[PDB]
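Protein chains in written order, with the entry's author numbering: chain I, 20 to 285; chain 4, 13 to 79, 97 to 180; chain Q, 627 to 743, 746 to 753, 773 to 881, 884 to 953, 959 to 977, 981 to 1095; chain 2, 641 to 689, 703 to 712; chain y, 5 to 83.
Have a look at the structure below before the remarks.
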């Protein structure tokens, strides 16, 4: 049926339905046919983006024995053929190729492609690149804080901000944990802290956990013990935390008697 | 064969009950032998499907069909795709609902972010329900339920 | 009005403890002053803040400022990060001027052809030989008028050493007598820094508006894109162009309109149907779809080679029909096509940079975006900087090189205040060069 | 469906898509047409693969 | 269930802006915007028909109460 398929496409090249039917009819597709349909649809009309992405995914599923060397380049080339098509299929295929193929070297190219799709900025792609960046930083936490800053400085999101704060608190002692702690205890508005919790004490708890033994620059006692002394409103909670902070912050040769006098006053 | 029609809806008539029994399998008995005073539905009924596996899969199917000392339970990762009566019936399998599930949805739009709280009958009721649905299969985002916070 | 919290606390404490009368309930007169003479509080607040931060200054500058240690620890010859080969293309007008700008240096050219002598100078580190390499500036399109201007001031050997010290990292002090060409050497250093380092930002600090007007007039004669220059101030225009925030916003909008029109014309010349007007994002999409694709195909065709096919495969003949190929040699036609593609890429880059003007509707947001990212050279006065240093640090303005004129007319605090106009970078100061001429 | 009754096929579950049905897992679709791990459905096909004029009649 | 109503549109919001802001969820089939011929401006609302009902449902989930032209808009099933 190859000859009548070509006899239809000679007069109906602009019809892609005949091309899809011809690709379905031959159940041996990618011997000549994947490249032929790609060439015909890429020289005929700048359309059929969904069918082209589906065919690229089907070929990737078919040629995945040698997982991705040539199929990855083919999917990337078809994805670059999308000029300004900010769809929910080409970024998905780019992320799939960055997951299967080489990553974190070419994932910079995938991030650049996501930014190029996000130049017109509809909020669908960054909400998929930032979780993809956090999942890709599961072996090396170098760009995790950077994606967190690109999402927190370009999107107001309390749940994402709390996730990034737990991400930077998953560091050694105070590696960006102090910055997220200060940004979470700042509390200019009242929507970000109320995202996944409402107690008006989690910020004091985080300030006290920052007052814990860590390796921050100084962050010694000033703001944390200051706020815990003025607006405590919790019996023996801020007092004990302040006594321990003056107990072991750095040596505490004079801060120990500071905690003792604080206990003698209150 | 014998199936407990729990959260047995008041006006949801035994006639359509038996028609769904047939539309699932062997509609042999649909009965909710009620209070000798009320006449309305008594919260648990006997539905006999004369084949055991028929009643088993019919039960797996017709579950979730949409028929103050702190007895309120918080239920999150919430399915936004539910209705009021169906959610109330699902919650009420282990007790009454003294407040239908108030879904903490955003007000800008009318579409929820995935949390709610529900006043059940008992705290042990919220316990059992939140246990059987702890992490378990919610509609699209799996359930996560327990005792509720106070606002 | 906001009252002094420390002074209010002192007054309240005195009233509470010593029975004093209420000082806040006895004021009967309110005095105002000239705003140009009423900046003492702002300077004192900048001082208190810069004393409350870690004061992260360059590691080669702390001891120098402190008045002790080796005074030569900030020179270019003593910096370990000294650049060997530096592009002084538009600094020297001719090879004789280049050789004569170093009486004590022996010039060794990488080409013997006197017709082959843009020059790059590589320094040793016997050792008094400079490796001079002539270069050809890449073609910028088929438009001969698009060729970049060049400075014509025949700098002396002292000016050459000052410009070289400015192009090298460290602290560079220029002692200029009246009419010694201080503006000329400053403009040459700024242009060399912008051209050798396009990823760096230059902060220009003056004492009065006259020095800034003269520096802008001097820059206007060089190859400096006006889209990266910015002038801050809180005044009578002295320049032929508007370098303030509002002038830059209007110019960016007009250039973006011109770029959208040129993109529509290029689309029409390429045979792409569609009457829709393009924006910056759609312009980038249409570029990466049609222009990048056609350029990649033509490059695979002619760069993977006849002189005729180089023009037969040009996909921008109709786009360049208003202006290409000579058919003499393969290299020349390839360079001309590359220059046309470079002009098109410049159009796409200018559009991508201006898209922020559609991303921010307010003029103040547009000025903030241009000052923080788009601009590469931001100029201002010592007083304006001392007043708005907090605003700069809060908004996130950053800079790599600092050039100051009339430093002999700036107060000490007015010279230190420009060095902390941004936060430190991962524990280190981002400043790379500190040039002061006066 | 039914262990010993079953002679009923469910539409979208054991029968094919009713006219213009939608596959998907949200509220309003058909979901996973129940199939084996080898691809054969739960039963049936959950996906989907004269002249009767009366002689004497009044005008 | 492919056609959704979107209200609260700022005066500058246009068919191209709507296509750009809704295109991320999936291909769009049509955009209809009622305008007032006496003023030449829209009435603050529009109807977007996407190719896919699932893409329209995702766009409804992600766009309702979202920001466009500095203001919150409403997104819902049109009928």
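We treat Cβ as the ideally placed atom computed from N, Cα and C, and that holds for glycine.
Problem - Classification of residue 36 (chain 4) by the beta-carbon crowding that lies within 10 angstroms, buried from 16 upward - result: buried
Exercise for the section: Verify whether the separation of the beta carbon atoms of residue 641 (chain Q) and residue 648 (chain Q) is less than 8 Å. Expected result: yes
Practice task
Excluding the 5 residues preceding and the 5 following residue 144 (chain I) in the sequence, name in chain order all residues of the same chain whose CB lies nearer than 8 Å to its CB.
Solution key: The residues are 105, 110, 133, 136, 137.
Practice task
Could you name the residues of chain y that residue 660 (chain 2) contacts, counting a contact when the two beta carbons are closer than 8 Å?
Solution key: Those do not exist, as residue 660 (chain 2) stays about 10 Å from chain y at its closest Cβ, beyond 8 Å.
Handout entry: Given residue 38 (chain 4) as reference, the closest of 126 (chain 4), 23 (chain 4), 71 (chain 4) once Cα atoms are compared
Key = 71 (chain 4)
Handout entry: Helix, strand or coil at residue 173 (chain 4) [DSSP, three-state]
Key = Correct three-state label for residue 173 (chain 4): strand.
Practice task
Using a Cβ cut-off of 8 Å (strictly closer), state whether residue 59 (chain y) contacts chain 4.
Solution key: no
Exercise for the section: Decide if residue 159 (chain I) is buried, meaning its Cβ has at least 16 other Cβ atoms within 10 Å, or exposed. Expected result: exposed
Exercise for the section: Compare the C-beta of residue 112 (chain 4) against all C-beta atoms of chain y and say whether one is closer than 8 Å. Expected result: no
Practice task
State the beta-bridge partners of residue 1038 (chain Q) as determined by DSSP.
Solution key: Residue 1038 (chain Q) pairs with 853 (chain Q).
Practice task
Return the chain-ordered ranges of every beta strand (DSSP E) run that is complete within the stretch 787-862 of chain Q and spans a minimum of 3 residues.
Solution key: Runs of beta strand (DSSP E) with 3 or more residues, each lying fully within the stretch 787-862 of chain Q, are found at 817-821, 849-853, listed in chain order.
Problem - Anticipated Cβ contact below 8 Å, residue 1061 (chain Q) with residue 852 (chain Q), distance rounded - result: 4 Å
Exercise for the section: Compute the Euclidean distance between the alpha carbons of residue 70 (chain y) and residue 136 (chain 4), then round it to the nearest angstrom. Expected result: 12 Å
Problem - Within the stretch 74-160 of chain I, ranges of the alpha helix (DSSP H) (whole runs, at least 4 residues) - result: Entirely contained in the stretch 74-160 of chain I, the alpha helix (DSSP H) runs reaching 4 residues are, in chain order, 89-99, 109-119, 126-136, 145-155.
Problem - Start-to-end residues for the alpha helix (DSSP H) that takes in residue 925 (chain Q) - result: Taken as a continuous stretch (DSSP letters only), residue 925 (chain Q) belongs to no alpha helix (DSSP H), as it is neither H nor E.
Exercise for the section: Indicate the three-state DSSP secondary structure (helix, strand or coil) for residue 50 (chain y) in the structure shown. Expected result: Residue 50 (chain y): strand per DSSP, three-state reduction.
Problem - 7 Å Cβ shell around residue 181 (chain I) - same chain, five flanking residues per side excluded - result: 214, 215
Exercise for the section: With DSSP as the reference, label residue 52 (chain 4) as helix, strand or coil. Expected result: coil
Exercise for the section: Give the DSSP-derived three-state secondary structure of residue 128 (chain 4) in the structure shown. Expected result: The answer is strand: DSSP assigns residue 128 (chain 4) an E or B state.
Practice task
Give a yes or no on whether the C-beta atoms belonging to residue 1058 (chain Q) and residue 1089 (chain Q) are separated by under 8 Å.
Solution key: yes
Exercise for the section: Return the chain-ordered list of same chain residues with a C-beta closer than 6 Å to the C-beta of residue 66 (chain 4), the five sequence neighbours on each side being excluded. Expected result: 37, 38
Handout entry: C-beta neighbour in chain I for residue 878 (chain Q), strict 8 Å
Key = No - not a single Cβ of chain I is within 8 Å of the one on residue 878 (chain Q).
Exercise for the section: Consider the Cβ of residue 142 (chain I): report whether some Cβ of chain y lies at a distance smaller than 8 Å. Expected result: Answer yes: the Cβ-Cβ gap between residue 142 (chain I) and chain y drops below 8 Å somewhere.
Handout entry: Cβ neighbour criterion (16 or more within 10 Å) applied to residue 660 (chain Q)
Key = exposed
Practice task
Note down, in chain order, every chain Q residue with its Cβ under 9 Å from the Cβ of residue 20 (chain y).
Solution key: 925, 926, 928, 931
Handout entry: Minimum length 4: unbroken alpha helix (DSSP H) runs contained in the stretch 155-237 of chain I
Key = 163-171, 177-188, 196-205, 221-229
Problem - Closer than 8 Å to chain I by CB, residue 74 (chain y) - result: no
Handout entry: C-alpha distance - residue 998 (chain Q) paired with residue 680 (chain 2), whole-angstrom precision
Key = Answer to the nearest angstrom: the Cα atoms are 57 Å apart.
Handout entry: chain 2 contact residues for residue 141 (chain 4), given Cβ-Cβ distances below 9 Å
Key = Within 9 Å Cβ-Cβ: nothing; residue 141 (chain 4) doesn't reach chain 2, min ~12 Å.
Practice task
Report yes if the C-beta of residue 173 (chain I) is less than 7 Å from at least one heavy atom of the ligand MG; otherwise report no.
Solution key: The ligand MG is not part of this structure, which contains no ligands at all.
Handout entry: When 1075 (chain Q), 1014 (chain Q), 1069 (chain Q), 1021 (chain Q) are compared against residue 1042 (chain Q), the one with the closest alpha-carbon
Key = 1075 (chain Q)
Exercise for the section: Report buried or exposed for residue 839 (chain Q), applying the criterion of at least 16 other Cβ atoms within 10 angstroms of its Cβ. Expected result: It counts as buried.
Problem - Contacts that residue 664 (chain 2) makes with chain y (C-beta to C-beta distance below 7 Å) - result: Taking a Cβ-Cβ cut-off of 7 Å, the neighbours of residue 664 (chain 2) in chain y comprise 58, given in sequence order.
Exercise for the section: Under 7 Å between beta-carbons, which chain B residues line up against residue 102 (chain I)? List them in chain order, please. Expected result: No chain B is present in this structure, whose protein chains are I, 4, Q, 2 and y.
Problem - Rounded distance between the beta-carbons of residue 728 (chain Q) and residue 777 (chain Q), thought under 8 Å - result: 6 Å
Exercise for the section: Could you please give the first and the last residue of the uninterrupted beta strand (DSSP E) stretch that includes residue 1061 (chain Q)? Expected result: 1058-1062
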